[PDB]
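Peer 1: So here's run10.txt (compact mmCIF, C-alpha atoms).
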# COMPACT_ATOMS: atom_id res chain seq x y z
CA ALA A 945 9.18 48.83 -108.59
CA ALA A 946 9.29 52.13 -110.48
CA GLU A 947 12.82 51.32 -111.70
CA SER A 948 12.70 50.35 -115.38
CA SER A 949 16.23 48.92 -115.20
CA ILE A 950 16.50 45.14 -115.48
CA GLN A 951 19.24 43.04 -113.89
CA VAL A 952 20.98 39.96 -115.30
CA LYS A 953 21.73 37.19 -112.81
CA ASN A 954 24.38 35.30 -114.80
CA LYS A 955 26.69 35.99 -117.72
CA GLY A 956 24.47 34.93 -120.61
CA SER A 957 24.46 36.21 -124.18
CA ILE A 958 21.29 38.19 -124.88
CA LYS A 959 19.00 36.96 -127.66
CA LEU A 960 16.17 39.22 -128.82
CA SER A 961 13.22 37.79 -130.76
CA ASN A 962 10.06 39.31 -132.23
CA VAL A 963 11.52 42.81 -132.51
CA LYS A 964 11.61 45.66 -135.03
CA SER A 965 14.97 47.31 -135.71
CA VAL A 966 14.73 51.11 -135.88
CA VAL A 967 17.79 53.35 -136.05
CA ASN A 968 17.81 55.89 -133.21
CA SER A 969 19.84 59.05 -132.63
CA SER A 970 22.69 56.84 -131.35
CA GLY A 971 24.12 53.40 -132.09
CA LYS A 972 21.34 51.78 -130.08
CA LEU A 973 18.03 50.75 -131.63
CA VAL A 974 14.40 51.21 -130.56
CA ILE A 975 11.85 48.39 -130.70
CA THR A 976 8.47 49.37 -132.14
CA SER A 977 6.88 45.93 -131.66
CA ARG A 978 4.59 45.54 -128.65
CA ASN A 979 5.43 41.85 -128.15
CA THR A 980 9.14 41.19 -127.58
CA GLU A 981 11.11 38.21 -126.28
CA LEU A 982 14.43 38.18 -124.41
CA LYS A 983 16.47 35.06 -123.72
CA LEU A 984 19.90 34.23 -122.32
CA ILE A 985 22.33 31.72 -123.82
CA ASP A 986 25.52 31.40 -121.76
CA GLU A 987 27.15 28.12 -122.86
CA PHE A 988 24.32 25.88 -124.15
CA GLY A 989 20.92 26.29 -125.76
CA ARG A 990 19.08 26.25 -122.43
CA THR A 991 17.37 29.56 -121.68
CA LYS A 992 17.62 31.10 -118.22
CA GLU A 993 15.55 34.30 -117.99
CA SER A 994 12.69 35.74 -120.05
CA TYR A 995 11.64 39.20 -118.74
CA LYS A 996 9.59 41.42 -121.08
CA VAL A 997 10.38 44.60 -123.04
CA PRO A 998 7.53 46.99 -123.98
CA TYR A 999 7.30 49.10 -127.11
CA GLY A 1000 9.68 52.00 -127.63
CA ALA A 1001 12.59 50.64 -125.57
CA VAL A 1002 16.31 51.30 -126.02
CA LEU A 1003 18.69 48.37 -125.59
CA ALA A 1004 21.91 49.15 -123.74
CA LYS A 1005 23.88 46.37 -125.44
CA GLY A 1006 23.38 44.94 -128.90
CA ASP A 1007 21.73 41.64 -129.70
CA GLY A 1008 23.87 38.51 -129.72
CA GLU A 1009 26.61 39.84 -127.43
CA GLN A 1010 27.61 38.11 -124.20
CA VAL A 1011 26.87 40.44 -121.29
CA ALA A 1012 28.97 39.80 -118.19
CA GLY A 1013 25.82 39.93 -116.05
CA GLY A 1014 24.62 42.20 -113.28
CA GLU A 1015 24.18 45.15 -115.66
CA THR A 1016 21.14 46.45 -117.50
CA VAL A 1017 20.88 45.50 -121.17
CA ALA A 1018 17.80 47.56 -122.11
CA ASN A 1019 16.33 50.80 -120.76
CA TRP A 1020 12.94 52.39 -121.38
CA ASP A 1021 10.54 54.87 -119.82
CA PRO A 1022 8.48 52.96 -117.21
CA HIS A 1023 5.59 55.46 -117.43
CA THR A 1024 5.40 56.67 -121.05
CA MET A 1025 5.62 54.87 -124.38
CA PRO A 1026 7.55 57.00 -126.90
CA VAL A 1027 6.54 57.09 -130.56
CA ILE A 1028 9.53 57.04 -132.91
CA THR A 1029 9.82 59.32 -135.94
CA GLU A 1030 9.85 57.46 -139.25
CA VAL A 1031 11.14 60.56 -141.08
CA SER A 1032 14.16 62.49 -139.81
CA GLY A 1033 13.95 66.26 -140.13
CA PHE A 1034 11.78 69.18 -139.12
CA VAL A 1035 8.56 68.45 -137.24
CA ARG A 1036 5.47 69.48 -139.21
CA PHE A 1037 2.56 70.73 -137.09
CA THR A 1038 -0.88 71.14 -138.66
CA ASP A 1039 -3.72 73.24 -137.21
CA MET A 1040 -1.70 74.69 -134.33
CA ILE A 1041 -4.28 76.56 -132.23
CA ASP A 1042 -3.07 78.85 -129.44
CA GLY A 1043 -5.22 79.39 -126.36
CA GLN A 1044 -7.31 76.23 -126.87
CA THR A 1045 -4.79 73.49 -127.77
CA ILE A 1046 -1.81 75.10 -126.00
CA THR A 1047 -0.79 74.43 -122.38
CA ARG A 1048 2.38 76.23 -121.31
CA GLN A 1049 4.50 74.34 -118.79
CA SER A 1057 8.99 74.86 -125.99
CA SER A 1058 6.97 72.24 -124.10
CA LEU A 1059 3.40 72.81 -125.30
CA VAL A 1060 0.42 70.48 -125.57
CA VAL A 1061 -0.70 69.43 -129.05
CA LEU A 1062 -4.50 69.24 -128.81
CA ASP A 1063 -7.39 67.89 -126.75
CA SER A 1064 -10.07 65.71 -128.33
CA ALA A 1065 -12.67 66.80 -125.76
CA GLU A 1066 -11.86 70.47 -126.37
CA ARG A 1067 -12.10 70.02 -130.14
CA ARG A 1075 -6.19 65.39 -134.03
CA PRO A 1076 -4.55 66.61 -137.24
CA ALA A 1077 -2.10 64.19 -138.84
CA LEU A 1078 1.03 65.24 -140.72
CA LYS A 1079 4.31 63.68 -141.81
CA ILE A 1080 7.70 64.76 -140.51
CA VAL A 1081 9.38 67.22 -142.86
CA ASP A 1082 12.51 66.09 -144.69
CA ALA A 1083 14.58 69.23 -144.06
CA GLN A 1084 12.36 72.28 -143.42
CA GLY A 1085 8.90 71.66 -144.92
CA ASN A 1086 9.26 68.94 -147.55
CA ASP A 1087 6.58 66.25 -147.67
CA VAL A 1088 7.68 62.64 -147.22
CA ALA A 1097 3.65 58.74 -142.11
CA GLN A 1098 0.63 59.79 -140.04
CA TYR A 1099 0.97 61.41 -136.62
CA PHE A 1100 -1.89 60.62 -134.23
CA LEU A 1101 -2.52 62.82 -131.18
CA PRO A 1102 -4.66 61.13 -128.50
CA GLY A 1103 -6.01 62.84 -125.40
CA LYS A 1104 -3.45 64.89 -123.45
CA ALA A 1105 -0.81 64.30 -126.13
CA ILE A 1106 2.00 66.86 -125.87
CA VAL A 1107 4.97 67.46 -128.19
CA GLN A 1108 7.91 69.50 -126.89
CA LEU A 1109 9.43 69.91 -130.38
CA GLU A 1110 8.34 72.99 -132.31
CA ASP A 1111 8.26 73.34 -136.09
CA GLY A 1112 11.67 73.35 -137.74
CA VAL A 1113 13.35 71.51 -134.86
CA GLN A 1114 15.05 69.19 -137.40
CA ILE A 1115 14.69 66.18 -135.12
CA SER A 1116 16.48 63.00 -136.18
CA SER A 1117 14.75 59.64 -136.51
CA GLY A 1118 14.31 57.36 -133.52
CA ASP A 1119 13.94 60.20 -131.01
CA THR A 1120 10.80 61.23 -129.12
CA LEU A 1121 9.97 63.80 -126.46
CA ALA A 1122 7.62 63.32 -123.52
CA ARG A 1123 4.18 62.16 -124.67
CA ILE A 1124 2.36 62.78 -121.35
CA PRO A 1125 -0.15 59.89 -121.36
CA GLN A 1126 -3.61 60.80 -120.11
For the file at hand, write its structure as structure tokens.
Peer 2:
Amino acid sequence: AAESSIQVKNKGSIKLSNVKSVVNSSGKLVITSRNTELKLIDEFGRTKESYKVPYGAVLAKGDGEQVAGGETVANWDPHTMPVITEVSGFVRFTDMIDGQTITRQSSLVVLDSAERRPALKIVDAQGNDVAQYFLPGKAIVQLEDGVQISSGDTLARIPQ
């Protein structure tokens, strides 16, 4: 079941618990909490389905609304866990080494721990200092410096 889409059997209002509200590039929000709870309340307090939503997921419909059922209410990458940006603006890259920590596929790898993870905060506008960015093995960032990326958005992380 590689499809990350989730179906709703019956028309029950979605209730989200144990979640962190983060503003994304759109009206939807991204959950940064690993443990999340989903419940359905159609006409009474009895819950119907539970499911499970991992970290870094985008909900299709807002919390507390009554979904008609049969349609996905939250979508996420079923293979990669995105890391949201706490600061909106240009991406600040520290110790950018070419030929050793660069893998052309722009989409370029960040660094390799075995080959060598500098941490820097996202710039406010161009290079202003405002958050620690951790780069594990095979971590790749497709956003170059000065991309002016908004908060709540993440490129492919390429898990090892």
Peer 1: For residue 1106 (chain A), find every residue with an atom within 9 Å (counting all atoms listed in the file), except residues of its own chain fewer than 4 positions away, and show them as a VMD selection string.
Peer 2: chain A and resid 1047 1058 to 1062 1101 1121 to 1125
Peer 1: Which value, in Å to one decimal, gives the distance between CA of residue 1082 (chain A) and CA of residue 1033 (chain A)?
Peer 2: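 Value for the CA of residue 1082 (chain A)-CA of residue 1033 (chain A) distance: 4.8 Å.
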Peer 1: Using all atoms listed in the file, which of the listed residues (A:970, A:1038, A:994, A:1117) sits closest to residue 1098 (chain A)?
Peer 2: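 Smallest distance to residue 1098 (chain A) is found for A:1038.
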Peer 1: What would the list of residues within 10 Å of (16.7, 47.7, -114.1) (file frame) look like as a list in words, if all atoms listed in the file are what count?
Peer 2: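 It turns out the residues near that spot are residues 945, 946, 947, 948, 949, 950, 951, 952, 1014, 1015, 1016, 1017, 1018, 1019 and 1020 of chain A.
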Peer 1: Write the residues you've just listed into a file as a compact mmCIF listing (two decimals), keeping the file's coordinate frame, and include C-alpha atoms for each of them.
Peer 2:
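Final output, result-v3.txt:
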# COMPACT_ATOMS: atom_id res chain seq x y z
CA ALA A 945 9.18 48.83 -108.59
CA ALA A 946 9.29 52.13 -110.48
CA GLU A 947 12.82 51.32 -111.70
CA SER A 948 12.70 50.35 -115.38
CA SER A 949 16.23 48.92 -115.20
CA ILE A 950 16.50 45.14 -115.48
CA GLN A 951 19.24 43.04 -113.89
CA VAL A 952 20.98 39.96 -115.30
CA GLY A 1014 24.62 42.20 -113.28
CA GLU A 1015 24.18 45.15 -115.66
CA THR A 1016 21.14 46.45 -117.50
CA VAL A 1017 20.88 45.50 -121.17
CA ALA A 1018 17.80 47.56 -122.11
CA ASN A 1019 16.33 50.80 -120.76
CA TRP A 1020 12.94 52.39 -121.38
Peer 1: Between CA of residue 1032 (chain A) and CA of residue 1103 (chain A), what is the distance, to one decimal in Å?
Peer 2: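 Pair CA of residue 1032 (chain A) / CA of residue 1103 (chain A) returns 24.8 Å.
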Peer 1: At what distance in Å, to one decimal, does CA of residue 966 (chain A) lie from CA of residue 995 (chain A)?
Peer 2: 21.1 Å
Peer 1: Compile the contact shell of residue 1111 (chain A) as a PyMOL selection string: residues with an atom at most 7 Å away, counting all atoms listed in the file, same-chain residues fewer than 2 positions apart removed.
Peer 2: chain A and resi 1034-1037+1109+1113
Peer 1: Which residues, written as a PDB file with C-alpha atoms, in the frame of the given file, have at least one atom at most 9 Å from residue 975 (chain A), with all atoms listed in the file counted and residues fewer than 3 positions away on the same chain left out?
Peer 2:
ATOM      1  CA  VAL A 963      11.520  42.810-132.510  1.00  0.00           C
ATOM      2  CA  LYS A 964      11.610  45.660-135.030  1.00  0.00           C
ATOM      3  CA  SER A 965      14.970  47.310-135.710  1.00  0.00           C
ATOM      4  CA  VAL A 966      14.730  51.110-135.880  1.00  0.00           C
ATOM      5  CA  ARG A 978       4.590  45.540-128.650  1.00  0.00           C
ATOM      6  CA  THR A 980       9.140  41.190-127.580  1.00  0.00           C
ATOM      7  CA  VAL A 997      10.380  44.600-123.040  1.00  0.00           C
ATOM      8  CA  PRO A 998       7.530  46.990-123.980  1.00  0.00           C
ATOM      9  CA  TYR A 999       7.300  49.100-127.110  1.00  0.00           C
ATOM     10  CA  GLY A1000       9.680  52.000-127.630  1.00  0.00           C
ATOM     11  CA  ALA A1001      12.590  50.640-125.570  1.00  0.00           C
ATOM     12  CA  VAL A1002      16.310  51.300-126.020  1.00  0.00           C
ATOM     13  CA  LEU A1003      18.690  48.370-125.590  1.00  0.00           C
TER      14      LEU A1003
END
Peer 1: Which neighbours of residue 1029 (chain A) fall inside 8 Å, counting only C-alpha atoms, when residues of the same chain fewer than 5 positions from it are skipped, and could you give them as a list in words?
Peer 2: residues 1080, 1116, 1117, 1118, 1119 and 1120 of chain A
Peer 1: Now that the selection is made, can you save its residues with C-alpha atoms as an mmCIF file, in the coordinates of the input?
Peer 2:
data_model
loop_
_atom_site.group_PDB
_atom_site.id
_atom_site.type_symbol
_atom_site.label_atom_id
_atom_site.label_comp_id
_atom_site.auth_asym_id
_atom_site.auth_seq_id
_atom_site.Cartn_x
_atom_site.Cartn_y
_atom_site.Cartn_z
ATOM 1 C CA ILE A 1080 7.700 64.760 -140.510
ATOM 2 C CA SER A 1116 16.480 63.000 -136.180
ATOM 3 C CA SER A 1117 14.750 59.640 -136.510
ATOM 4 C CA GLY A 1118 14.310 57.360 -133.520
ATOM 5 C CA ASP A 1119 13.940 60.200 -131.010
ATOM 6 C CA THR A 1120 10.800 61.230 -129.120
#
Peer 1: Out of A:969, A:1114, A:957, A:976, which residue has the shortest atom-to-atom distance to residue 1013 (chain A) when counting only C-alpha atoms?
Peer 2: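 Between A:969, A:1114, A:957, A:976, the residue approaching residue 1013 (chain A) most closely is A:957.
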Peer 1: Set up a box along x, y and z of the file covering all listed atoms of region 1049-1080 of chain A, add 6 Å on every one of the six sides, and write the centre and edge lengths in Å to one decimal, as AutoDock Vina command-line options.
Peer 2:
--center_x -1.8 --center_y 69.3 --center_z -130.3 --size_x 33.7 --size_y 23.2 --size_z 35.0
Peer 1: Of the candidates A:1030, A:1021, A:1039, A:1009, which shows the shortest atom-to-atom distance to residue 983 (chain A), using only C-alpha atoms?
Peer 2: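 The answer is A:1009, which sits nearest to residue 983 (chain A).
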Peer 1: Can you work out which one of A:1112, A:1023, A:1007, A:958 has the shortest atom-to-atom distance to residue 991 (chain A), counting all atoms listed in the file?
Peer 2: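 Going through A:1112, A:1023, A:1007, A:958 one by one, the smallest distance to residue 991 (chain A) is for A:958.
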Peer 1: Of the candidates A:1031, A:967, A:1081, A:959, which shows the shortest atom-to-atom distance to residue 989 (chain A), using only C-alpha atoms?
Peer 2: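 So, comparing all the options, the nearest one is A:959.
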Peer 1: Can region 1083-1108 of chain A be brought up to N, CA, C and O atoms and written out as a PDB file, in the coordinates of the input?
Peer 2:
ATOM      1  N   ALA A1083      13.630  68.252-144.569  1.00  0.00           N
ATOM      2  CA  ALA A1083      14.580  69.230-144.060  1.00  0.00           C
ATOM      3  C   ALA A1083      13.902  70.383-143.334  1.00  0.00           C
ATOM      4  O   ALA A1083      14.100  70.553-142.127  1.00  0.00           O
ATOM      5  N   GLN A1084      13.098  71.180-144.039  1.00  0.00           N
ATOM      6  CA  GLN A1084      12.360  72.280-143.420  1.00  0.00           C
ATOM      7  C   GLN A1084      10.851  72.088-143.541  1.00  0.00           C
ATOM      8  O   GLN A1084      10.142  72.217-142.537  1.00  0.00           O
ATOM      9  N   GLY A1085      10.334  71.812-144.736  1.00  0.00           N
ATOM     10  CA  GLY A1085       8.900  71.660-144.920  1.00  0.00           C
ATOM     11  C   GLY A1085       8.523  70.664-145.995  1.00  0.00           C
ATOM     12  O   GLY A1085       7.355  70.575-146.383  1.00  0.00           O
ATOM     13  N   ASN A1086       9.504  69.908-146.481  1.00  0.00           N
ATOM     14  CA  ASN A1086       9.260  68.940-147.550  1.00  0.00           C
ATOM     15  C   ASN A1086       8.355  67.818-147.062  1.00  0.00           C
ATOM     16  O   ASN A1086       8.392  67.414-145.897  1.00  0.00           O
ATOM     17  N   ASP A1087       7.537  67.306-147.977  1.00  0.00           N
ATOM     18  CA  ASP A1087       6.580  66.250-147.670  1.00  0.00           C
ATOM     19  C   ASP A1087       7.191  64.895-147.999  1.00  0.00           C
ATOM     20  O   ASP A1087       7.704  64.689-149.103  1.00  0.00           O
ATOM     21  N   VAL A1088       7.132  63.978-147.038  1.00  0.00           N
ATOM     22  CA  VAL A1088       7.680  62.640-147.220  1.00  0.00           C
ATOM     23  C   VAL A1088       6.583  61.594-147.098  1.00  0.00           C
ATOM     24  O   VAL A1088       6.045  61.364-146.015  1.00  0.00           O
ATOM     25  N   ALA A1097       3.656  58.758-143.567  1.00  0.00           N
ATOM     26  CA  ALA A1097       3.650  58.740-142.110  1.00  0.00           C
ATOM     27  C   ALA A1097       2.546  59.630-141.556  1.00  0.00           C
ATOM     28  O   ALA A1097       2.433  60.799-141.926  1.00  0.00           O
ATOM     29  N   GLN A1098       1.731  59.071-140.666  1.00  0.00           N
ATOM     30  CA  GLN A1098       0.630  59.790-140.040  1.00  0.00           C
ATOM     31  C   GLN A1098       0.885  59.915-138.548  1.00  0.00           C
ATOM     32  O   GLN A1098       1.191  58.923-137.879  1.00  0.00           O
ATOM     33  N   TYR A1099       0.761  61.134-138.032  1.00  0.00           N
ATOM     34  CA  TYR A1099       0.970  61.410-136.620  1.00  0.00           C
ATOM     35  C   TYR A1099      -0.388  61.525-135.931  1.00  0.00           C
ATOM     36  O   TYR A1099      -1.190  62.402-136.271  1.00  0.00           O
ATOM     37  N   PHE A1100      -0.638  60.645-134.967  1.00  0.00           N
ATOM     38  CA  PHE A1100      -1.890  60.620-134.230  1.00  0.00           C
ATOM     39  C   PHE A1100      -1.691  61.236-132.854  1.00  0.00           C
ATOM     40  O   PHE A1100      -0.728  60.903-132.156  1.00  0.00           O
ATOM     41  N   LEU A1101      -2.595  62.133-132.471  1.00  0.00           N
ATOM     42  CA  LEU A1101      -2.520  62.820-131.180  1.00  0.00           C
ATOM     43  C   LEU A1101      -3.713  62.426-130.324  1.00  0.00           C
ATOM     44  O   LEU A1101      -4.815  62.979-130.492  1.00  0.00           O
ATOM     45  N   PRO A1102      -3.550  61.484-129.395  1.00  0.00           N
ATOM     46  CA  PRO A1102      -4.660  61.130-128.500  1.00  0.00           C
ATOM     47  C   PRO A1102      -4.874  62.182-127.419  1.00  0.00           C
ATOM     48  O   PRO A1102      -4.260  63.253-127.456  1.00  0.00           O
ATOM     49  N   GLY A1103      -5.756  61.890-126.467  1.00  0.00           N
ATOM     50  CA  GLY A1103      -6.010  62.840-125.400  1.00  0.00           C
ATOM     51  C   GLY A1103      -4.756  63.127-124.593  1.00  0.00           C
ATOM     52  O   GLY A1103      -3.965  62.230-124.294  1.00  0.00           O
ATOM     53  N   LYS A1104      -4.570  64.405-124.259  1.00  0.00           N
ATOM     54  CA  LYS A1104      -3.450  64.890-123.450  1.00  0.00           C
ATOM     55  C   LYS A1104      -2.097  64.644-124.105  1.00  0.00           C
ATOM     56  O   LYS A1104      -1.070  64.620-123.422  1.00  0.00           O
ATOM     57  N   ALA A1105      -2.067  64.468-125.425  1.00  0.00           N
ATOM     58  CA  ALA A1105      -0.810  64.300-126.130  1.00  0.00           C
ATOM     59  C   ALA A1105      -0.087  65.635-126.238  1.00  0.00           C
ATOM     60  O   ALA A1105      -0.680  66.639-126.646  1.00  0.00           O
ATOM     61  N   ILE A1106       1.192  65.647-125.872  1.00  0.00           N
ATOM     62  CA  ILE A1106       2.000  66.860-125.870  1.00  0.00           C
ATOM     63  C   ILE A1106       3.301  66.583-126.615  1.00  0.00           C
ATOM     64  O   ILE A1106       3.918  65.527-126.438  1.00  0.00           O
ATOM     65  N   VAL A1107       3.709  67.532-127.452  1.00  0.00           N
ATOM     66  CA  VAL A1107       4.970  67.460-128.190  1.00  0.00           C
ATOM     67  C   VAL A1107       5.797  68.674-127.810  1.00  0.00           C
ATOM     68  O   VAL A1107       5.344  69.815-127.965  1.00  0.00           O
ATOM     69  N   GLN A1108       7.009  68.434-127.315  1.00  0.00           N
ATOM     70  CA  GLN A1108       7.910  69.500-126.890  1.00  0.00           C
ATOM     71  C   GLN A1108       8.765  70.040-128.029  1.00  0.00           C
ATOM     72  O   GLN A1108       9.549  70.968-127.805  1.00  0.00           O
TER      73      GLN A1108
END
